[PDB]
Amino acid sequence: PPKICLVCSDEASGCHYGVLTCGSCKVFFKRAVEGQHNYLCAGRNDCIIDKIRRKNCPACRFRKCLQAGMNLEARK
Amino acid sequence: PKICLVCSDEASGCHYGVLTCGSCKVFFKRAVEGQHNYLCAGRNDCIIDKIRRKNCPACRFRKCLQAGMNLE
DNA sequence: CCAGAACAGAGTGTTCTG
DNA sequence: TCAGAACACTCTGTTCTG
Ligand SMILES: [Zn+2]
Ligand SMILES: [Zn+2]
Ligand SMILES: [Zn+2]
Ligand SMILES: [Zn+2]
């Protein structure tokens, strides 16, 4: 049965930083947590984040990472 | 003075028919030539400003067209 | 199996030129 | 005048490595 990234709904590769995610959201989260952490949404902070649109809004992608429970300590 | 009609950034001059910055100038050219299928993650109403213009090419491109940008 | 590094490509914006 | 080239920099996602 299918394993689904809890952030962008792409096929998940495994449990990364505590949450079932794809490889691209894994490394996106690590980069967001180590980066400028100044993200702006051009929308309403509800942007659709899927395989097609996840590049559009780093702010909403990162919000969904946090909301899903991702953390660098990789606590479940 | 001198404001980009697309993203509100300081405008360099009149490009492809409209007063725009350089980033919007080259973005528009790249978009017209460049095949792309742009899709808004929003409502097709995105805020386009100096930082936010990067987020939504679809809305940036739409504003470009609606402002009258033309390859001549 | 998973974190992190490394690699390569896409996207963006500036500088320079005539 | 502004269009184009091209350089330089950021963001992304897959493949490697430990
Ligand atoms: Zn994902
Ligand atoms: Zn958003
Ligand atoms: Zn602009
Ligand atoms: Zn949009």
Side-chain angles (χ1 to χ4, degrees), chain A residues 1-43 47-66 68-76, chain B residues 1-42 46-65 67-72:
Chain A
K3 289 214 306 331
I4 307 302
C5 173
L6 285 171
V7 176
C8 74
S9 291
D10 197 2
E11 181 186 9
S13 66
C15 192
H16 308 293
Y17 302 114
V19 175
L20 182 62
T21 73
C22 72
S24 70
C25 288
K26 166 172 109 66
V27 73
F28 173 84
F29 178 73
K30 179 58 184 305
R31 287 168 179 154
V33 155
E34 303 299 357
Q36 287 314 289
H37 199 272
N38 55 5
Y39 301 119
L40 302 178
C41 178
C47 294
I48 305 297
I49 300 295
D50 59 6
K51 188 175 182 179
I52 295 171
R53 284 160 276 197
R54 68 197 177 192
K55 296 168 192 62
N56 293 31
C57 191
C60 285
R61 188 179 190 177
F62 183 53
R63 168 181 58 72
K64 288 185 75 183
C65 294
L66 297 171
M70 295 184 79
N71 63 104
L72 272 202
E73 234 171 39
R75 287 308 333 301
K76 284 290 173 69
Chain B
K2 234 148 39 176
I3 304 301
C4 176
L5 280 191
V6 171
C7 78
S8 287
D9 201 14
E10 294 177 351
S12 68
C14 181
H15 310 281
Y16 302 114
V18 180
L19 174 62
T20 58
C21 61
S23 76
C24 282
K25 167 185 93 69
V26 78
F27 169 84
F28 173 75
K29 180 76 187 311
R30 282 168 177 157
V32 180
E33 293 181 301
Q35 72 182 297
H36 336 333
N37 307 110
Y38 287 145
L39 172 66
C40 181
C46 292
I47 301 159
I48 301 295
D49 66 38
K50 194 179 193 303
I51 297 188
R52 284 173 176 97
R53 67 190 182 208
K54 287 186 302 313
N55 290 349
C56 192
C59 282
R60 191 182 192 177
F61 190 47
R62 177 187 47 84
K63 276 184 190 292
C64 281
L65 292 179
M69 288 186 85
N70 210 316
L71 273 192
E72 70 280 5

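Every chain is numbered from 1, with letters handed out A, B, ... down the list of sequences. Reckoned from all heavy atoms, side chains included, excluding hydrogens, waters and symmetry mates.
Taking only side-chain atoms of A:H16, from C-beta outward, the nucleotide of C:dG4, D:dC2, C:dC2 with the closest atom is C:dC2. Picking from C:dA3, C:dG13, D:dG4 the nucleotide with the shortest atom distance to the side chain of B:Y16 gives D:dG4.
Contact between the side-chain N/O atoms of A:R54 and the OP1/OP2 oxygens of D:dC11 is not found at any separation under 4.0 Å. Using a 4.0 Å cut-off, some side-chain N or O of B:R60 falls inside it from OP1 or OP2 of C:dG13. Contact annotation: B:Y38 side-chain N/O to C:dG11 OP1/OP2 distance is not under 4.0 Å.
Using a 4.0 Å heavy-atom distance criterion, A:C22 is classed as making no nucleic acid contact. Nucleic acid contact for A:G23: base, since at least one base atom lies under 4.0 Å from a heavy atom of the residue.
Following rounding to the nearest Å, B:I51 (CD1) and C:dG13 (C1') show an atom-to-atom distance of 14 Å. Rounded to whole Å, atom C1' of D:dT10 lies 15 Å from atom NZ of A:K55. When rounded to the nearest whole Å, the span between CD of B:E72 and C1' of D:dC2 equals 15 Å. The distance between atom CG of A:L20 and atom P of C:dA3, rounded to the nearest whole Å, is 12 Å. Between the CE atom of A:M70 and the P atom of C:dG4 there is a distance of 11 Å, given to the nearest Å. Put simply, CD on B:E33 is 12 Å from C1' on D:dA5, counting in whole angstrom units. If you take CZ of B:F28 and P of D:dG4, they are 11 Å apart, rounded to a whole angstrom. Atoms CD (A:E73) and P (C:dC2) sit 18 Å apart, rounded to a whole Å.
Between B:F61 and B:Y38, the angle of the ring planes goes over 60°, which puts this pair in the perpendicular group of the 30/60° scheme.
Annotation: B:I51, atom CD1; neighbour count of heavy atoms from other residues, nucleotides and ligands within 6.0 Å does not exceed 12. In the displayed structure, A:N38 atom CG is contacted under 6.0 Å by more than 12 heavy atoms of other residues, nucleotides or ligands.
In this structure, a donor-acceptor pair under 3.5 Å is present between the side chains of A:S24 and A:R61.
The nearest heavy atom of DNA chain D to B:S12 and to B:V26 marks one nucleotide each, and the one closer to the 5' end goes with B:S12.
With a cut-off of 3.5 Å on both Watson-Crick or G-U wobble distances, the partner of C:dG18 is given as D:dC2.
In terms of polar N and O atoms assigned as donor or acceptor, the side chain of A:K26 comes within less than 3.5 Å of the base of C:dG4 in a complementary pairing. Between the side chain of B:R30 and the base of C:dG13, at least one donor-acceptor pair of N or O atoms lies under 3.5 Å.
Stacking of A:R54 on the aromatic ring of A:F28 is not recorded, the 6.0 Å distance cut-off and the 45° axial limit not both being met.
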